[PDB]
Amino acid sequence: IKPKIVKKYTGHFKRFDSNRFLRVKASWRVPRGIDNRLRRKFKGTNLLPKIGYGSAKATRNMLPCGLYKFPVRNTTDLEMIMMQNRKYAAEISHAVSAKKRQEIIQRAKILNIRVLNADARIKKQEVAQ
Amino acid sequence: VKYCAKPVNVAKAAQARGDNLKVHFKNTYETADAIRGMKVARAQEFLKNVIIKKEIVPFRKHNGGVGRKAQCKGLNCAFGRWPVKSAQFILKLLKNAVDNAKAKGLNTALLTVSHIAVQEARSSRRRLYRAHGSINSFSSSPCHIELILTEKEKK
Amino acid sequence: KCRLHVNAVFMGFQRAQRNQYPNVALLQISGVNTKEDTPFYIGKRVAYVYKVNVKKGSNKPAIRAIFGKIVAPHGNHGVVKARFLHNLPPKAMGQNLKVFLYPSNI
Amino acid sequence: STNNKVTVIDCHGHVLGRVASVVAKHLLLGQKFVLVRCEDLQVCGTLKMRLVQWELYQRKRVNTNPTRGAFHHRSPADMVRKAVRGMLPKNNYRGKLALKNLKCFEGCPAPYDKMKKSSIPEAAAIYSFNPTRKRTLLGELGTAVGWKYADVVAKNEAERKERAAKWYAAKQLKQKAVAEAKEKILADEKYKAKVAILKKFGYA
Amino acid sequence: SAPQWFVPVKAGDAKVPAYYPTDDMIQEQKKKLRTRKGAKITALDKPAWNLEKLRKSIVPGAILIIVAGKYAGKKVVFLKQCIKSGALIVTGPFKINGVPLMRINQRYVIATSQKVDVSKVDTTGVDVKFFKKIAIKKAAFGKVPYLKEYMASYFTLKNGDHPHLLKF
RNA sequence: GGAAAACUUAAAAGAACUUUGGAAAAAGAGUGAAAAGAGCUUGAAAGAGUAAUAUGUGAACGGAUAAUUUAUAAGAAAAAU
RNA sequence: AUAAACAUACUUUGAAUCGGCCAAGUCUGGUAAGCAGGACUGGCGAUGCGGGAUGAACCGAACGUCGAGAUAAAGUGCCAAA
RNA sequence: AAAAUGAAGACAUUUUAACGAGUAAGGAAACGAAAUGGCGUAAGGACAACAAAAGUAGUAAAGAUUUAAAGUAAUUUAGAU
């Protein structure tokens, strides 16, 4: 079973004048200028993050596969969601070596847990292997 | 300084390179644009005509104040010049790459100038004494040039 | 082979002087000159059939369609409102659409 | 489908402004228009009345460079095009595409002289005008401001009128013969079965 | 007994914890996906609860025009309504129209005033069994004067026939 | 009165012979785990060059909505009695 | 009579602010001013949205993100929905 | 805001109703039905494979360039080089 995840705005809330100037990054900042076009909510430029854009409480932080991400660092950390395999999905951290990744991947198959980094740090077996 | 690109088949290519060459970038950038893609024998003929002012080098991008000439008809550029120093430097690199090709055993009559790129290099400063007790900068514009010749084959 | 449709002109979107709502498209059906002839067409099918010049290496069809339904009259001149599965591209303004004879009520 | 055929409007006995408004809307609806005899349109006001308006129009001109300034076309076909272009969207692809499907001519050129001519009832001069109100043909106004080819058109139209006179006379002869032949078939006994069906629905 | 969330699977000699049982006493179970029941098969005579109500114009023996689908514009004769699907069992007599025996949904036809009637059509078969028999399935995953001319021709909208004014 | 300037590698093993060039250098060759090649750990942004892709009438950039193209991406179970 | 329990009465601590401007079925000085100064109220400042082509103040109406409808000021020859 | 439930679930519980514009300015931390909720930088004390070898790391850390995912947002997560 999987609910219908509905997003009220799929774009990105870019910073004001971030397109014209390279010193101004795209991370959002509220314009506090007294004469700011965006803060005053003119026509055309009236797009600000507001709490009304929040997604449904039921389907928040849910990956498109329908499960919630759960980071794991070793095989023992998988046992904390071994009883919730229908709600959580494993996620091997970015610093786990390739050797320890094999143990996590082969253990999660035993415990029937979905892993999202199952194709990470694979050896050269891509062409002629 | 590494090369911008690598040849598809290292067995059928030759390379030549010059670093910190004491020649103007803007002149050599436009010259190297003209000889890109033509055969080695044709390029050597073209570069020799440029020296004696018999074929133009169209200054397509850096054309601020460049005069117009009668040889710039058909190139979609109204401006061109005859950079002698930059043409000579490329002629020495084209010759060097050819000798590299011959040592490899390639056929000179089949080679083309497939890849040729010019990059900016570190400048050298000098003093220009201006009025009212001022000094300015009198800076050179050297460049690196990379040349790669490959045989032409049907695809 | 035979004509089982009436040509309708994609006039534009339901709009105001300085706004525009591309959810509702406005159509002018050929032969409907007043709002009293609109009730027959309320609920019929409308298709925007367009041609795309695909390449030999693609299996995508060269002929595609966008379907919708005529939902309500618009003004006293026989203009109608239609809602489509995907909003009509404004590049298709002034083009011809098909008004079918189904879902029938006769 | 696709509207490939061309709507031909006979601009004779019409009003310049009201023709343009109807044509401008339908140009945006994807139709293709060709307005022939764009010189025979009518406008309100006498010749002196129209000349005063023209001289005011001629005043507008870029002071520092008249070549950049407003261009005052004098050919009546270009007086209609200006009127239509004013009722179309400006500075977008929709406006330019709509105007691309419009042509005026001062007469009936070769391809459009044998095409079905239409009329715009809202723009007819016999409906919108008091008969006592004085009008001005666009051809007559064009001559007063410097349109050189007014008499060339008057020559070309004259030969078209006489050429259409003999074609119509021959067609009226054939049509009368075909009409009387059909009467004999209708009155014929062998076609009795087919005639009654037409008479039942009033066609016969 | 095992916890409801514990579905043991076999380990290909891979390292296993102490608590996880060895594969010798672990038996695989085929993955189950379907959870809904198919439609029940009732008597051939009795009609389904999901039966559409035909329009008053569509009566047996009437002549209909198919305005959508493969046989768009063809003219067919209506025999009776399929009680197991609500569709119309029409035959655009094959020797005239070329339209075979088929089922068409009632919303894609126009019930013309012209009626041919014809009782004693002998419709003993022609039901859910027959149409299901002559359906081409996939290969699965793991495996009256002038009436003849009227019907023989397509129905098309000439110039000047606006559908809101058309009565058939 | 009064600055600036830290870092090759584990170890110089800091290329060493041939061809082209007046020479500087380049191309092979070799050392090294790896050129990390002495302007030497990593190597951002501003600025350029090359390659691929796309667009075009007196500014350019942004947003809503679709269309085209590309990319990503959802399955192995299985009916009635 | 009508309304009022997230009513009512507050207590303590403290921020910013006291350059203002506009409208008018208002007034004073001035020939008059998009001038100077006042009484009452509503606004702009602090305020976007729809309309008046454009406009700090005019008219409707004040704003979480959206869908569908009935509307307001005001409009329905084309630009422009009618 | 008011009812109901409440040692641990979890999404900072469940239900119903009203509400949500805003410059200057204010709402420190903690407070189970929480007297606003959070993101990020660096350092110090702890915790981090519960069965006596107990977070990650040469089977590739930090960093850099991008591709995608989560979050209204600050930002976070993961893949590739």
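Residues numbered from 1 in each chain as written, not as in the entry; some residues may be left out. Chains lettered and ligands numbered in written order. Part of a larger assembly, values for the part shown. Heavy atoms only, no water.

cryo-EM is the method the PDB entry lists for this structure, together with a resolution of 3 Å.

## Looking at the packing of aromatic side chains
On inspection of all chains with the given rule, the structure shows 17 aromatic pairs over all chains. Relative to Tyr29 of chain B, the ring of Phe25 of chain B has its centre 5.9 Å away and its plane inclined at 10°; by these criteria the two rings are stacked. Here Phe25 of chain B and its partner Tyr29 of chain B are both found in helix 1 (residues 25–34), four residues apart, which amounts to about one turn of the helix. On the basis of relative accessible area, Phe25 of chain B is assigned to the buried category, the value being 16%. Taking relative accessible area as the criterion, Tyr29 of chain B reaches 26% and is therefore assigned partly exposed. Taken together, the ring pairs in this structure connect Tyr9, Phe13 and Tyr53 of chain A into an aromatic cluster. Positioned above the aromatic ring of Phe129 of chain D, the side-chain terminus of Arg135 of chain D is 4.6 Å from the ring centre. Across from the ring centre of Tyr154 of chain E, 4.5 Å away, lies the NZ or CZ of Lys74 of chain E, which sits over that ring. (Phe/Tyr/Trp six-rings, centres within 6.5 Å; stacked < 30°, edge-to-face > 60°. Helix = DSSP H or I, 4+ residues; strand = E, 2+ residues; numbered from the N terminus. Buried < 20%, exposed > 50% of the residue type's maximum accessible area, 1.4 Å probe, protein only. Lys NZ or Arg CZ within 6 Å of the ring centre and 35° of its normal.)

## Remarks on the side chain of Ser18 of chain A
Residues and elements named next belong to chain A. Tracing the chain through its elements places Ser18 in the segment before strand 1 (68–72). Here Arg15 takes part through its backbone oxygen, which lies 2.9 Å from a polar atom of the side chain of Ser18. Apart from the residues lying within four places of it in its own chain, the contact partners of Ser18 are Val24, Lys25 and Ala26. (Polar contact = N/O pair within 3.5 Å; in protein donor to acceptor, adjacent residues only side chain to side chain. Contact = heavy atoms within 4.5 Å.)

## Quick look at helix 1 of chain B
When helix 1 of chain B is considered as a whole, its buried residues turn out to be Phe25, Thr28, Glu30, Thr31 and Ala32 of chain B. Contact partners of the buried residues in helix 1 of chain B: helix 2 (40–51), strand 2 (57–58), helix 3 (84–104), strand 4 (111–120) and strand 7 (143–151) of chain B.

## Digging into the pairing of strand 6 (residues 96–100) of chain C
On any regular strand, side chains alternate: one points to one face of the sheet, the next to the other face. Residues and elements named next belong to chain C. With five bridges connecting them, strand 1 (residues 5–15) and strand 6 associate as antiparallel partners. Across the sheet, the residue bridging to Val6 is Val99, located in strand 6. Looking at chain direction, strand 3 (residues 45–51) and strand 6 are connected through two bridges and run antiparallel. The residue bridging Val46 from the neighbouring strand is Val99, located in strand 6. (Pairing = 2+ DSSP bridges.)

## Re the interface of chain C and chain E
Taken together, the contacts link 19 residues of chain C with 21 residues of chain E. Interface area for chain C against chain E, summed over the two sides, is near 1700 Å², with a carbon-plus-sulfur share of 66%. Sorting the residues of chain C by area buried against chain E places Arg3, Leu4 and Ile106 of chain C first, and these three jointly supply 35% of that buried surface. Linking chain C with chain E are zero salt bridges, by the criterion used here. (Buried area = accessible area lost by both parts, 1.4 Å probe. Salt bridge = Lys/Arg side-chain N within 4 Å of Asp/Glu carboxyl O.)

## Points about the protein's contact with RNA strand H
Residue and element names in this part refer to chain A. For RNA strand H, the set of nearby residues contains 40 residues, the closest of which are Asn61, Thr76, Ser97, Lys100 and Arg121. For RNA strand H, the fraction of atoms within 4 Å of the protein that belong to sugar or phosphate moieties is 78%. In the model, a sugar or linking oxygen of RNA strand H is placed 2.4 Å from a nitrogen or oxygen of the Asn61 side chain. With respect to RNA strand H, the side chain of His94 contributes an N or O atom lying 2.6 Å from a phosphate oxygen. Counting only elements with at least two residues in the surface near RNA strand H, the list comes to strand 2 (88–92) and helix 1 (98–111). Taken together, the residues of the surface near RNA strand H sort by class into 14 nonpolar, eleven polar and 15 charged. (Near = heavy atom within 4 Å. Nonpolar A, V, L, I, M, F, W, Y, C, P; charged D, E, K, R; others polar.)

## Regarding the protein's contact with RNA strand F
Not every one of the 49 residues close to RNA strand F is listed here, only the nearest: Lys14 of chain A, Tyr3, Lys61 and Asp99 of chain B together with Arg64 of chain C. Backbone atoms, meaning sugar and phosphate, make up 75% of the atoms of RNA strand F lying within 4 Å of the protein. Within the side chain of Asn100 of chain B, a nitrogen or oxygen atom sits 2.8 Å from a sugar or linking oxygen of RNA strand F. For RNA strand F, a phosphate oxygen lies 2.7 Å from a polar atom in the side chain of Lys30 of chain E. At the level of elements, strand 1 (13–21), helix 1, helix 3 and strand 4 of chain B are the ones that each hand at least two residues to the surface near RNA strand F.

## Section: the pairing of strand 2 (residues 20–29) of chain C
All names here are of chain C. As paired elements, strand 1 and strand 2 share seven bridges and run antiparallel to each other. Note that in strand 2 the partner of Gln14 across the bridge is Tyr21. Linking strand 1 back to strand 2 in an antiparallel pair, the connection comprises four residues.

## Some thoughts on the pattern of salt bridges
Here the structure, examined in full by the defined rule, presents 14 salt bridges over all chains. The partner of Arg36 of chain B in a salt bridge is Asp33 of chain B, with the nearest N and O atoms 3.5 Å apart. Look at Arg36 of chain B and you get partly exposed, because its relative accessible area is 41%. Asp33 of chain B sits in the partly exposed class, given a relative accessible area of 31%. Linking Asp10 of chain D and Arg37 of chain D is a salt bridge whose minimum nitrogen-to-oxygen distance equals 3.1 Å. Here the residue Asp10 of chain D occupies a position in strand 1 (residues 7–10), and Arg37 of chain D occupies one in the loop between strand 2 (33–36) and strand 3 (42–44), the gap between them amounting to 27 residues. Across the pair, exposure class does not vary: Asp10 of chain D and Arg37 of chain D are buried alike.

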